[PDB]
Amino acid sequence: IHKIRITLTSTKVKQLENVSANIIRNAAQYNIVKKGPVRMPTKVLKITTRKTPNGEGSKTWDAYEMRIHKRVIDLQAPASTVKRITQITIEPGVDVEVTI
Amino acid sequence: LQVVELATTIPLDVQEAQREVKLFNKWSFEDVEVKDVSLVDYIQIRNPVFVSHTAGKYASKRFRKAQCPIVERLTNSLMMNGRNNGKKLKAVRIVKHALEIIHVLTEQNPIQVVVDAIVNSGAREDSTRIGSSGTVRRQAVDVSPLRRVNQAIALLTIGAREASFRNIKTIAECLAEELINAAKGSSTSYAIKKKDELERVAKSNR
Amino acid sequence: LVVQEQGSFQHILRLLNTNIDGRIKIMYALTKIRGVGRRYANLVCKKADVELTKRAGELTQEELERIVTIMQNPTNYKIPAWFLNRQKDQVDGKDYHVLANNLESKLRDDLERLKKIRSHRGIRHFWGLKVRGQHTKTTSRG
Amino acid sequence: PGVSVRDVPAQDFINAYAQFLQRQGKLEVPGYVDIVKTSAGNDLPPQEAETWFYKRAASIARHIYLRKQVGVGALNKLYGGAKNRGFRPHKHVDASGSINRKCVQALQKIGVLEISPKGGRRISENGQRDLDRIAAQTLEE
Amino acid sequence: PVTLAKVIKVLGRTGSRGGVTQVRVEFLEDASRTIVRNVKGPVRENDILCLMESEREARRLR
Amino acid sequence: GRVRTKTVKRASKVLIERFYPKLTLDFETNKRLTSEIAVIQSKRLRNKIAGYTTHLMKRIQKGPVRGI
Amino acid sequence: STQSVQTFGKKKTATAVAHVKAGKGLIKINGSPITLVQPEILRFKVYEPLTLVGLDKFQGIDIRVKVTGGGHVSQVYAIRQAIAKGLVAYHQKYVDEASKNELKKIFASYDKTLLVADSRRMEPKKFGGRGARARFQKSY
RNA sequence: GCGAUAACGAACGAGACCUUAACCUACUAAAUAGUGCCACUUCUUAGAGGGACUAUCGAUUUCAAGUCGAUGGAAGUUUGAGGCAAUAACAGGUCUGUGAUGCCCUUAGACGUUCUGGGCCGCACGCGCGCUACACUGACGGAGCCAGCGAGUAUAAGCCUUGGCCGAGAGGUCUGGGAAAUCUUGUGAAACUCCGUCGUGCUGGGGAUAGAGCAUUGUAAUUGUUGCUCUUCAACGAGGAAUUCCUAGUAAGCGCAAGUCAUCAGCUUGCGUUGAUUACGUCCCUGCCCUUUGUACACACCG
Ligand SMILES: [Mg+2]
Ligand SMILES: [Mg+2]
Ligand SMILES: [Mg+2]
Ligand SMILES: [Mg+2]
Ligand SMILES: [Mg+2]
Ligand SMILES: [Mg+2]
Ligand SMILES: [Mg+2]
Ligand SMILES: [Mg+2]
Ligand SMILES: [Mg+2]
């Protein structure tokens, strides 16, 4: 047995929730007790620039955004099982960090 | 009438409010009546309130102002001149003290005196301008009951404000003096000089 | 509570060659004396045990002399050095608090002490311009 | 019923505990209380020169009573106010650190406070006893 | 000697800036002699607005 | 204002011209029916379409409508 | 456990979570009695849900609210809403629905905000001005 | 859009759409959230959805598009706010954002690059965006004591910084936490409320100008970087002709954070606290659009 935390972070929620559900599924068919996924409050990285490359015209501003979505999953399973679950549910967009 | 014992003790005077809803738990609306048929529907005293602070939505539709309590419209109009905008608790404090002064003076019901000053302060004919692109022109027209009421409140609070500016006399008792004088029709008061001068110009234009 | 007196009130006071209105409260009456602000008068009154609830004319001569004594000798009455007007003096290095007539004398002496060495600040004092780096393009219009 | 600090109005509880703590007399008052300003944002010393330290210590004690291991920096933030910067807009500025730190040290050696674990200063075993006592003897009148 | 006249029909906005309204008033007593008059403030139907002088009709405002 | 556009007016009258027997005077039923009859990309447009189809049905039951 | 209902009232940002358990008429604000809620001049806003129906409705129930966020006034309105809704939810769950509808009738006939949270929120600020609609002064 | 109709049926733009706010005791879970006594998801977070479509009823209307009243509702002003945004066009602004660029100029005593010091701050003056005020709806003094949007580091070149201890303050020092729903931080913000002093006075309003001193950042503070202490106590007693912004959680106050940033915010970009007066109308001024009309204009009346 091993209390293992898996942290999932990404900008887009569709692949994040797909990876989250796939991990929960593999922690379900394997009779491994789980807590999650826990949807952390999304972070809005906001940048408000001036439209003008120069400084002429009406003062108009862009407001760019970068939403960051975070999920944490707690598993009670051996590290080999959890890591191979990670390789089962590996996705380019979503990054994964595993902590014991 | 029985006193209801709770685990969290409740004071006697506020337990007395179960019988009747009174302004500041001190002033009753029951024996108060508007001495003008034309402003009954625009002076709202039928629904009693405890404190002149309701935080209602009276600016959405056109005539929602007529449903706001008349005292709440007065305390809303008190908070003017920049430094007082948004200071409603201060305005309510001023109204609450003003009512007590209006009670100790002339002994009448303070909100009856308020109603009398409002019915007595609104000009019944105002001379609107009909100038054709710059030239001076005036025509005497009638004044709607809603504008008559809310101009009464505007003039009453403006007069109290100017009487309390740079004066040792406090705003609550300047409002009390302005309200009492307009209630009894004295021409010494502001908003009665203004009302007479307004209806005089309207008489000089028809 | 309200109390009455006869012959003790003094309509006009004269302290440190300054005329003091006798109907001003003592803490703010002393502020007429140049070099004495509200903060300083509050402390000289607390060091002289003169309760602030008294008008200027209420004070007796014994208290008035005890106050002018404290104002003229602040460090001797446990008044901190940092609280004083003129601390670490230029010539003798001791902490001072200048008063009515000494203030303009030592302010002048500071102006000439800067102009004699021809510092930039002394020069701008000579020219009558602002010395603390303020922009003078658009506000020095008086 | 058992009266507690939360069951009595703060303003007259503080007015009663300041009087009790002064007549009790064991609180040590630093020597600069007649000189100092409470905050750098203040412009004048307290008008109640003789009693302000006692009342402030009573307020600090009650405030710590209702919370858990509040530090002295938080007390500086609590008692700080808007500074009257001349032509620039107003700003919040903290109160003096020494006055609050001296108050909490005086209450800690008078028995009302102690160093709390993971920082701050908790209220003492007898601090609850005597604040709840003052609360009981405050609102019966 | 003021006379009270309930409004029974709101004719329309008149005047140069539209700040005055033509309205159709009916007297409370002697329910006849219906008159067209101008009013400054906002007006709904069934307003008991009083008239300082009665013997005058109203027309468009400039 | 609350003036419906042509994308809702013509889509509602195609519904009437195509499924009048299956329609009704109830918004909830019309709302469910047009969700299985038409491919509507957004819920807001579905509700607007069903609310005007309901209005048109309510007007048809009172007599003949012009254009449908 | 026991007959417990949990509710919340809201104003602009203030939110007050009320726990209503079966007991005596104990009514606390963050562990403090309601007779000393500040500001004092708005104390009758929270006295309204009490004196409108009569304190006898609170004999069998104790109400403890925890109000956080918002401001002083927004917290007062959140508290009075949490109290009124907690009383209604208790009547609806452990008393006949006739009384719950009676209470809702007096409450709605007196003030909509007793049961329905006011939906007004602050408009966002837009660039080109210091406020939502206000704009920087223009010069020609 | 209705409708009238030599037109009929369409496309772009508008609207739909997308982001955000308001409802959900209805799902899915949460020791990085909260609560009750391990349990649970009301509040908290966020994903899957539901919900509103002017819904129902009255009036008016070409009975049409609609509008105005009510009732229910979380929401009935396009439900609130934005993002995106057509056909052409302007000698609009930027080659001082670009290792984007054509050409011209210069290219070693350089117009390249770098170093030192100064300037961009310089002051008889005119103008624009603002910040403080002229007091009592107030100044101080204690006490009460409530937000939301956010940001935060490693062998650096030093981030957010609690807690203890010094220091009147500003600030200093020693440890620890936080690469963060975990710590700063419940950012205990300011207006605001209570209790006191002041008493219509250029006054305890106002805080310029200036003197002396103490610290911080930085290689460097002089032409005061900035903060703090004492002192100095100016105009200003509500502002001419003119002129700006604004319709509901809006205006006005009131602060807070982020950007710039070694230091410096009277500035912007947002956020929340308190919270109104008055319309809910018109073409009178102003700007723009459309129709008729005249034209010797078409580089289009700056003809
Ligand atoms: Mg929109
Ligand atoms: Mg370029
Ligand atoms: Mg250089
Ligand atoms: Mg420059
Ligand atoms: Mg500007
Ligand atoms: Mg918060
Ligand atoms: Mg900054
Ligand atoms: Mg700038
Ligand atoms: Mg032609």
Side-chain angles (χ1 to χ4, degrees), chain A residues 17 35-42 48 53-54 56-57 61, chain B residues 59 62 76-77 79 82-90 94 132-133 166-168 170-171, chain C residues 28 35 37-40 80 82-88 107 110 120 132-133 135-137 140, chain D residues 10-11 14 32 35-37 40 43-44 46-48 52 55 59 71 73-74 77-78 82 86-90 92 96 98 119-120, chain E residues 13 16-18, chain F residues 1-3 5 7 27 45 47-48 50-51, chain G residues 6-8 12-13 15 17 38-39 69-73 75 116-117 119-125 127 132-139:
Chain A
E17 289 294 329
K35 283 202 147 57
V38 176
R39 280 75 178 272
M40 297 301 292
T42 176
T48 307
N54 65 331
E56 190 269 328
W61 298 75
Chain B
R62 190 164 173 231
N76 277 351
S77 297
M79 61 183 179
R83 64 182 180 179
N84 308 332
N85 294 116
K87 293 165 172 169
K88 212 187 195 316
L89 294 189
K90 189 186 315 283
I94 294 160
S132 66
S133 296
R166 311 203 216 97
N167 188 14
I168 188 157
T170 80
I171 182 73
Chain C
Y28 297 93
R38 298 173 205 156
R39 186 84 158 98
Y40 189 74
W82 54 265
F83 186 77
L84 296 196
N85 198 352
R86 179 68 180 271
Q87 63 182 356
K88 280 171 179 307
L107 164 67
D110 270 317
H120 178 235
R132 311 218 172 173
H135 297 185
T136 61
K137 176 171 183 174
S140 59
Chain D
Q11 189 274 151
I14 293 159
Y32 55 64
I35 308 154
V36 295
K37 267 191 317 190
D43 70 345
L44 284 182
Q47 300 179 357
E48 295 294 328
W52 74 262
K55 187 179 289 293
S59 171
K77 189 178 195 173
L78 165 72
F87 281 161
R88 309 190 283 285
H90 298 74
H92 161 79
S96 66
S98 313
Chain E
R13 305 305 283 250
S16 64
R17 280 76 177 272
Chain F
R2 299 273 174 97
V3 181
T5 61
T7 187
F27 161 72
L45 193 50
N47 301 338
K48 283 178 174 303
Chain G
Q6 63 185 358
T7 187
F8 64 89
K12 302 186 206 190
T13 301
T15 185
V17 171
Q38 297 295 323
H72 286 323
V73 174
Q75 277 191 343
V116 175
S119 47
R120 296 183 290 177
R121 289 300 201 273
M122 292 180 71
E123 178 146 353
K125 170 197 172 298
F127 58 83
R133 311 288 176 79
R135 314 279 84 198
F136 300 133
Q137 186 174 269
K138 195 192 255 190
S139 87

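Chain identifiers are assigned alphabetically (A, B, ...) following the order of the sequence lines, protein sequences preceding nucleic acid strands; residue numbering begins at 1 within each chain.
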task: Searching all strands shown, indicate the nucleotide that pairs with H:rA296 (Watson-Crick or G-U wobble; both distances under 3.5 Å).
output: none

message: Give me syn or anti for H:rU225, where syn covers glycosidic angles within 90 degrees of 0.
response: syn

task: Pick base, sugar-phosphate or nothing for B:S133, based on heavy-atom distances below 4.0 Å to the nucleic acid.
output: sugar-phosphate

message: If I pick the P atom on H:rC192 and the same atom on H:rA86, what distance separates them, to the nearest angstrom?
response: 49 Å

- request: Write down the partner of H:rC254 under the Watson-Crick or G-U wobble criteria, each distance required to be under 3.5 Å.
  value: H:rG272

statement: Assigned chi class of H:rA191 under the 90° convention is anti

query: Who does H:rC194 pair with, Watson-Crick or G-U, both distances under 3.5 Å?
result: H:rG142

statement: Glycosidic torsion of H:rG66 (syn if within 90° of 0, anti otherwise) classifies it as anti

- request: Tell me what D:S98 touches on the nucleic acid: a base, only sugar-phosphate, or nothing, going by heavy atoms under 4.0 Å.
  value: base

message: Could you check whether H:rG206 and H:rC245 make a Watson-Crick or G-U wobble pair, counting it only if both donor-acceptor distances come in under 3.5 Å?
response: no

query: Quantified in whole Å, what is the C1' atom distance between nucleotide H:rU132 and nucleotide H:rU113?
result: 48 Å

message: Is there a side-chain contact between G:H72 and G:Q38 in this structure, where contact means two heavy atoms from C-beta onward sitting under 4.5 Å apart?
response: no

message: What contact category does E:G18 fall into here, base, sugar-phosphate, or nothing, at under 4.0 angstrom with non-hydrogen atoms?
response: sugar-phosphate

message: Using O4'-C1'-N9-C4 for purines and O4'-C1'-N1-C2 for pyrimidines, with syn meaning within 90° of 0, is H:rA91 syn or anti?
response: anti

message: Once side chain to side chain contact (heavy atoms under 4.5 Å, CB included) is applied, do any residues pair with A:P41, and if so which ones, sequence neighbours excluded?
response: none

- prompt: Which is true for G:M122 with a 4.0 Å heavy-atom rule: it touches a base, it touches only sugar-phosphate, or it touches nothing?
  reply: base

message: Would H:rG118 and H:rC95 qualify as a Watson-Crick or G-U pair, given that each of the two distances needs to be less than 3.5 Å?
response: no

query: Which part of the nucleic acid does G:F8 contact within heavy-atom distance under 4.0 Å: base, sugar-phosphate only, or nothing?
result: base

message: Taking side chain to side chain contact (heavy atoms under 4.5 Å, CB included) as the definition, give me every residue that meets it alongside G:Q6, ordered by chain and number, with sequence neighbours left out.
response: G:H19

- prompt: So what does G:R133 hit on the nucleic acid, given a heavy-atom distance under 4.0 Å: a base, only sugar-phosphate, or nothing?
  reply: sugar-phosphate

field: Flag side-chain contact, heavy atom, 4.5 Å: B:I171 against B:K90
entry: no

- prompt: Between H:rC214 and H:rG227, is a Watson-Crick or G-U wobble pair present, with both distances under 3.5 Å?
  reply: yes

Side chain proximity check, G:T13 to G:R121, heavy atoms < 4.5 angstrom: no

field: Greater than 12 external heavy atoms within 6.0 Å of A:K35's NZ
entry: no

task: Would you check if H:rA85 and H:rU226 are a Watson-Crick or G-U wobble pair, both distances kept under 3.5 Å?
output: no

message: Can you tell whether H:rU44 is stacked with H:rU45, judging only by whether their six-membered base rings have centres under 5.5 Å apart and planes under 30 degrees?
response: yes

query: Taking the same atom, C1', in H:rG259 and in H:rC195, what whole-Å distance lies between them?
result: 44 Å

message: Both G:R135 and F:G51 contact RNA chain H. Which one's nearest nucleotide lies toward the 5' end?
response: F:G51

message: Only pairs with both distances under 3.5 Å count, Watson-Crick or wobble alike; so what is the partner of H:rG266 in this structure?
response: none

- request: Identify the 5'-most and 3'-most nucleotides of RNA chain H with at least one atom closer than 4.0 Å to a non-hydrogen atom of chain D.
  value: H:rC131 to H:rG266

statement: Quick note, H:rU79: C1'-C2'-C3'-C4' sign places the sugar (positive north, negative south) north

- request: Would you mind classifying the nucleic acid contact of G:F127 as base, sugar-phosphate or nothing, using non-hydrogen atoms under 4.0 angstrom?
  value: sugar-phosphate

query: If you look at every strand shown and take non-hydrogen atoms under 4.0 Å, does G:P124 touch a base, only sugar-phosphate, or nothing?
result: sugar-phosphate

- request: Quick one: label D:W52 by what it contacts on the DNA or RNA (base, sugar-phosphate, nothing), any heavy atom closer than 4.0 Å.
  value: nothing

message: Reading the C1'-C2'-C3'-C4' torsion of H:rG249, is its sugar north or south?
response: south

Pair partner, H:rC53 [Watson-Crick or wobble, under 3.5 Å]: H:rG76

task: Quote, to the nearest angstrom, the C1' distance that separates H:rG207 from H:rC131.
output: 13 Å

North or south sugar for H:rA221 (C1'-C2'-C3'-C4' positive means north): south

message: Applying the Watson-Crick and G-U wobble criteria at under 3.5 Å, what pairs with H:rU137? Answer none if nothing qualifies.
response: none

message: G:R120: which residues meet the salt bridge (charged side-chain N to carboxylate O under 4.0 Å, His left out) condition with it, sequence neighbours left out?
response: G:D118

- prompt: Does D:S96 reach the side chain of D:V36, with side-chain heavy atoms less than 4.5 Å apart?
  reply: no

- prompt: Six-membered rings of H:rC120 and H:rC121: centres under 5.5 Å apart, planes under 30°?
  reply: no

message: Need one value for A:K35: base, sugar-phosphate or nothing, where a base atom within 4.0 Å counts as base even if backbone is also close, heavy atoms only.
response: sugar-phosphate

- request: Have a look at C:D110 and say if it touches a base, only the backbone sugar-phosphate, or nothing, with a 4.0 Å heavy-atom cut-off.
  value: sugar-phosphate

- prompt: Does the side chain of C:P80 reach to within under 4.5 Å of the side chain of D:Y32, using non-hydrogen atoms?
  reply: no

task: Go through the structure and list residues passing side chain to side chain contact (heavy atoms under 4.5 Å, CB included) with G:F8, not counting sequence neighbours.
output: G:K10, G:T15, G:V17

task: Tell me, please, which residues at least two apart from F:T5 pass side chain to side chain contact (heavy atoms under 4.5 Å, CB included).
output: F:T7, F:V8

- request: For A:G57, answer base if it contacts any base atom (sugar-phosphate contacts may also be present), sugar-phosphate if it contacts only those atoms, and nothing otherwise; contact means non-hydrogen atoms under 4.0 Å.
  value: nothing

task: Report which part of the nucleic acid D:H90 touches: base, sugar-phosphate, or nothing (heavy-atom distance under 4.0 Å, all strands).
output: sugar-phosphate

Base pair H:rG239/H:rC134 (Watson-Crick or G-U, both distances under 3.5 Å): yes

task: Determine if H:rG47 and its strand neighbour H:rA48 meet both stacking conditions: ring centres closer than 5.5 Å and an interplanar angle below 30°.
output: yes

- prompt: Counting only Watson-Crick or G-U wobble pairs whose two distances fall under 3.5 Å, which nucleotide matches H:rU19?
  reply: H:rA81

message: In this structure, do the base rings of H:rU225 and H:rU226 stack on each other (centres less than 5.5 Å apart, planes differing by less than 30°)?
response: yes

- prompt: If you take the six-membered rings of H:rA190 and H:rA191, are their centres closer than 5.5 Å and their planes within less than 30° of each other?
  reply: yes

- prompt: Between G:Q137 and G:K125, which has a closest nucleotide on RNA chain H that is more 5'?
  reply: G:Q137

query: With both distances under 3.5 Å required, do H:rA212 and H:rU229 pair Watson-Crick or G-U wobble?
result: yes

message: Anti or syn, where syn is a glycosidic angle within 90° of 0; which label fits H:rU78?
response: syn

- prompt: Is the backbone N or O of G:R133 less than 3.5 Å from a side-chain atom of G:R135, with the two atoms forming a donor-acceptor pair by type?
  reply: yes

query: Does the sign of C1'-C2'-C3'-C4' make the H:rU291 sugar north or south?
result: north

task: Have a look at G:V17 and say if it touches a base, only the backbone sugar-phosphate, or nothing, with a 4.0 Å heavy-atom cut-off.
output: base

task: Pick the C1' atom in H:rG122 and in H:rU187, then give their distance to the nearest Å.
output: 43 Å

Nearest-angstrom distance, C1' atom, H:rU225 to H:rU216: 10 Å

field: Identified pairing partner of H:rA110, criterion: Watson-Crick or G-U wobble below 3.5 Å
entry: none

- request: Work out the sugar pucker of H:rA6 as north or south, treating a positive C1'-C2'-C3'-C4' as north.
  value: south

